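One structure is given below, encoded as structure tokens.
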Amino acid sequence: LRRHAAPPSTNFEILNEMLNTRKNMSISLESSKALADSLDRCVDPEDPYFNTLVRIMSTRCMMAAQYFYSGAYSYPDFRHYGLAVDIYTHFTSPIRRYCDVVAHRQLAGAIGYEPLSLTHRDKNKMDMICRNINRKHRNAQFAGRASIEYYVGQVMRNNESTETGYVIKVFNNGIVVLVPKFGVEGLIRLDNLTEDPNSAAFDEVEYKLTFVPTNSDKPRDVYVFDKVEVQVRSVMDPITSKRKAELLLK
Amino acid sequence: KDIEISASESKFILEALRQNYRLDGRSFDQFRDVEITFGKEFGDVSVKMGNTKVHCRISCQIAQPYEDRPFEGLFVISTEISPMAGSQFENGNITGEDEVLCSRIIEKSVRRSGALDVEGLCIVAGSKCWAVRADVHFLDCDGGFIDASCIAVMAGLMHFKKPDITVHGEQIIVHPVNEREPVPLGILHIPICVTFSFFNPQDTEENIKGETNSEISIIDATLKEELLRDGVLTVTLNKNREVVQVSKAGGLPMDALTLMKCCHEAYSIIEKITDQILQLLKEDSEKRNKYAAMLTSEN
């Protein structure tokens with residue numbers, strides 16, 4: 001089986017401070033229907049993507065669902081929280097999920113086709129499996145995102161553009177911008193975010209890094225989730241050999 | 001304390017097998033019909049196969065585990081015969097042989113086999129666990145006890161539930177029974193034993209050097225049937241077609257080719273009876289829940 005837990009308010013209040021002090025909203029966290037209906041109301045009209053903008057962002061703190069044998073725990077611990085079902089396995093893709101193939105085998109006795117194999121009955125051998133097959137699935141999408149990485153890592157190698165990038169973090173060191181067309185982040189650190197960093201003032205409650213710019217001098221109140229001009233680029237960092245997204249505000 | 005039967009009666013049944021008859025009315029390879037009925041308590045059941053009647057009981061309580069397996073809970077089966085079930089028996093002889101012949105089977109049938117997860121008795125490791133108890137009572141014998149106690153214990157495990165637990169170091173919170181529900185138990189596999197009963201119609205030598213296999217084997221010896229048999233054999237299996245135990249401890253000599261041919265017929269027998277338990281467990285709990293439906297609407 002496969003179980004999914006609740007991301008609590010602790011994974012959501014730090015968004016809620018950005019949702020309240022800046023956006024004057026929050027999440028429900030009572031039920032994940034009510035949460036999914038307090039997430040349906042956190043959309044701004046001038047940006048209909050601000051629906052989707054939270055969806056990709058609350059992704060980072062969702063509970064890691066994992067395969068397991070039902071003898072490990074009890075029945076409401078068989079829950080899939082994100083999919084609202086008290087019982088949950090995977091079945092329908094044998095080739096990319098060896099997890100499903102085993103579920104054929106213990107079904108093979110459930111219809112009476114065949115005696116079950118012994119190692120499909122030893123919870124000692126099962127716990128060795130259920131961690132590892134998750135760990136292979138962990139070893140999948142870390143490369144599945146990285147499939148996009150080097151294939152984005154060649155894009156901005158010599159094709160720069162001035163576009164829209166979204167600030168997802170306002171910090172004192174600078175802000176992290178993110179192109180929704182591209183999905184690759186970059187900290188525009190404060191000095192390359194703005195000239196006169198002594199006039200730059202980072203706020204923690206409003207989460208604003210208000211300043212006068214590098215290319216200009218108007219008092220720029222750098223809030224969150226607004227729209228900017230930003231120059232994209234990439235140069236591989238020669239001390240790490242990761243093709244960093246050279247992202248520079250404009 | 002000795003059962004006395006005439007040698008005239010001894011030849012009589014031995015003749016009946018020689019003309020393929022047996023006194024009960026079953027076939028040779030036919031088993032009795034089983035009546036399973038539960039008491040109101042969980043882990044309470046009365047099991048009855050015609051004349052043989054049994055009763056067992058499952059319970060549990062709090063204890064510490066051993067040093068030996070400090071991970072796991074505690075569990076043991078009592079099978080103390082009372083001379084109620086027949087005047088042959090001593091008052092609680094735990095040192096009689098047939099008792100041991102009843103004992104070690106159910107010892108291997110349950111404990112060494114492990115139908116029950118003892119690790120799922122670990123409340124807290126090394127501090128507090130469960131002590132699960134299985135007291136087997138015999139009521140009246142027509143044989144098949146070791147098959148009956150095979151069933152009635154495994155019947156009882158699928159009807160017992162244990163109450164609710166909450167841990168804070170020493171603050172171990174056993175909850176009230178009726179606010180927080182009792183919780184049933186984890187059965188890895190369901191074993192069913194089969195008595196086999198053996199009759200030489202001949203002398204020793206025609207079994208020994210008489211090459212012709214001529215030995216009759218039946219299921220579920222009745223009381224009079226059981227007193228003349230020549231070998232004793234019990235096998236145990238599951239639904240997943242694995243063999244739990246085999247025990248031919250001596251007696252009559254016996255062909256190997258018979259035994260496989262014997263044990264295959266065990267399989268089709270035990271499977272149907274197994275599922276009959278499985279519905280009745282459901283159906284009684286359905287009757288529990290339909291009467292729970294007849295309770296909350298009533299209250």
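With respect to the conditions (1) in contact with a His (Cβ under 9 Å, 6 or more places away or on another chain); (2) without any contact (Cβ under 8 Å) to a residue 60 or more places away in the chain, B:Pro176 lacks only one, and its number is (1).
Out of the residues in region B:201-248 that are within 14 Å of another protein chain (Cβ to nearest Cβ) and part of a strand (DSSP E or B), state the one that is surrounded by the fewest Cβ atoms within 10 Å (Cβ to Cβ).
Step one: filter region B:201-248 for residues within 14 Å of another protein chain (Cβ to nearest Cβ), giving B:237-244.
Now restrict to residues that are part of a strand (DSSP E or B): B:237, B:243-244.
Working: B:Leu237: 24, B:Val243: 13, B:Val244: 20.
Once the filter is applied, the top-ranked residue is B:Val243.
Which is among the hydrophobic types (A, V, I, L, M, F, W, C), touching a residue at least 40 places away in the same chain (Cβ under 8 Å) and in contact with a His (Cβ under 7 Å, 6 or more places away or on another chain), of B:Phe31, B:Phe71, B:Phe42?
Working: B:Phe31 fails: in contact with a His (Cβ under 7 Å, 6 or more places away or on another chain); B:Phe71 fails: in contact with a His (Cβ under 7 Å, 6 or more places away or on another chain).
Answer to the check: B:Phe42.
Please specify each residue of region A:238-250 satisfying the condition of being under 17 Å from A:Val155 (Cβ atoms) and either of a type in the set (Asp, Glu) or part of a loop (DSSP other than H, G, I, E, B) (or both).
A:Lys242, A:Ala245, A:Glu246, A:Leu247
Residues of region A:183-196 being in contact with a strand residue (DSSP E or B) (Cβ under 9 Å, 6 or more places away or on another chain) and surrounded by fewer than 18 Cβ atoms within 10 Å (Cβ to Cβ), which ones?
Looking only at region A:183-196, we keep the residues that are in contact with a strand residue (DSSP E or B) (Cβ under 9 Å, 6 or more places away or on another chain), and these are A:184-196.
The answer is A:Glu185, A:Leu187, A:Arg189, A:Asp191, A:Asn192, A:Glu195, A:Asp196.
Right, B:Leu157: farther than 20 Å from B:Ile219 by Cα, buried (at least 20 other Cβ atoms within 10 Å of the Cβ) and within 14 Å of chain A (Cβ to nearest Cβ) or not? No; evaluated as a whole, the condition is false for this residue.
Out of region B:221-241, which residues are among the charged types (D, E, K, R) and either free of Cβ contacts under 8 Å to residues at least 60 places away in the same chain or closer than 18 Å to B:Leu252 by Cβ (or both)?
Looking only at region B:221-241, we keep the residues that are among the charged types (D, E, K, R), and these are B:224-226, B:229-230, B:239, B:241.
Hits for region B:221-241 are B:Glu225, B:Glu226, B:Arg229, B:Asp230, B:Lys239, B:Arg241.
Candidates are the residues of region A:198-228 that are of a type in the set (S, T, N, Q) and touching a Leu at 6+ places or on another chain (Cβ under 9 Å); the one that is surrounded by the fewest Cβ atoms within 10 Å (Cβ to Cβ) is A:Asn215. Counted as qualifying within region A:122-233 are no strands (runs of 3 or more DSSP E), as none has 2 or more residues that are closer than 30 Å to B:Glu119 by Cα and in contact with a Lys or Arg (Cβ under 8 Å, 6 or more places away or on another chain).
Which of the residues that make up region A:211-233 are among the hydrophobic types (A, V, I, L, M, F, W, C) and over 11 Å from A:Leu178 (Cα atoms)? Hits for region A:211-233 are A:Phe211, A:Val212, A:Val222, A:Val224. Among the residues of region B:249-288, those that are in contact (Cβ under 8 Å) with a residue 24 or more places away in the chain and part of a strand (DSSP E or B) comprise B:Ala249, B:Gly251. Which of the residues belonging to region B:151-168 are among the hydrophobic types (A, V, I, L, M, F, W, C) and over 17 Å from B:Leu281 (Cα atoms)? Correct list: B:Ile165, B:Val167.
What residue, of B:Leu233, B:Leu223, B:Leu237, B:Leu227, is of a type in the set (A, V, I, L, M) and within 19 Å of B:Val153 (Cβ to Cβ)? Don't jump to the end; show me each part of the working.
Details: B:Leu233 fails: within 19 Å of B:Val153 (Cβ to Cβ); B:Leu223 fails: within 19 Å of B:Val153 (Cβ to Cβ); B:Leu227 fails: within 19 Å of B:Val153 (Cβ to Cβ).
Just one listed residue meets the conditions, B:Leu237.
Restricting attention to region A:1-17 and to residues that are in contact (Cβ under 8 Å) with a residue 12 or more places away in the chain and of a type in the set (D, E, K, R), the residue that is nearest to A:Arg105 (Cα to Cα) turns out to be A:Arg2. Filter region A:105-164 for residues that are within 12 Å of chain B (Cβ to nearest Cβ) and of a type in the set (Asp, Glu) and give the result. Result: A:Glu114, A:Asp122, A:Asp127. Evaluate region B:123-143: report whether one residue or more is of a type in the set (A, V, I, L, M, F, W, C) and within 14 Å of another protein chain (Cβ to nearest Cβ). Looking through region B:123-143, at least one residue is of a type in the set (A, V, I, L, M, F, W, C) and within 14 Å of another protein chain (Cβ to nearest Cβ). Is it true that some residue in region A:27-34 is surrounded by 17 or more Cβ atoms within 10 Å (Cβ to Cβ), of a type outside the set (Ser, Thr, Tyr) and in contact with a helix residue (DSSP H, G or I) (Cβ under 7 Å, 6 or more places away or on another chain)? There is at least one residue in region A:27-34 that is surrounded by 17 or more Cβ atoms within 10 Å (Cβ to Cβ), of a type outside the set (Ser, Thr, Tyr) and in contact with a helix residue (DSSP H, G or I) (Cβ under 7 Å, 6 or more places away or on another chain). Note on region B:162-181: among residues that are within 14 Å of chain A (Cβ to nearest Cβ) and loosely packed, with under 14 Cβ neighbours inside 10 Å, the one that is farthest from B:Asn240 (Cα to Cα) is B:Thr166. Restricting attention to region A:58-103, the residues that are surrounded by 13 or more Cβ atoms within 10 Å (Cβ to Cβ) and in contact with a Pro (Cβ under 9 Å, 6 or more places away or on another chain) add up to 7.
When A:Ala34, A:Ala72, A:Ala64 are checked against the criterion of being of a type in the set (A, V, I, L, M, F, W, C), within 30 Å of A:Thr89 (Cα to Cα) and within 14 Å of chain B (Cβ to nearest Cβ), a single residue qualifies: A:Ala72.
Throughout, read-outs are computed from the coordinates displayed, never taken from laboratory work. With ideal geometry, Cβ positions are generated from the backbone for all residues, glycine too; neighbour counts draw on all protein chains shown.
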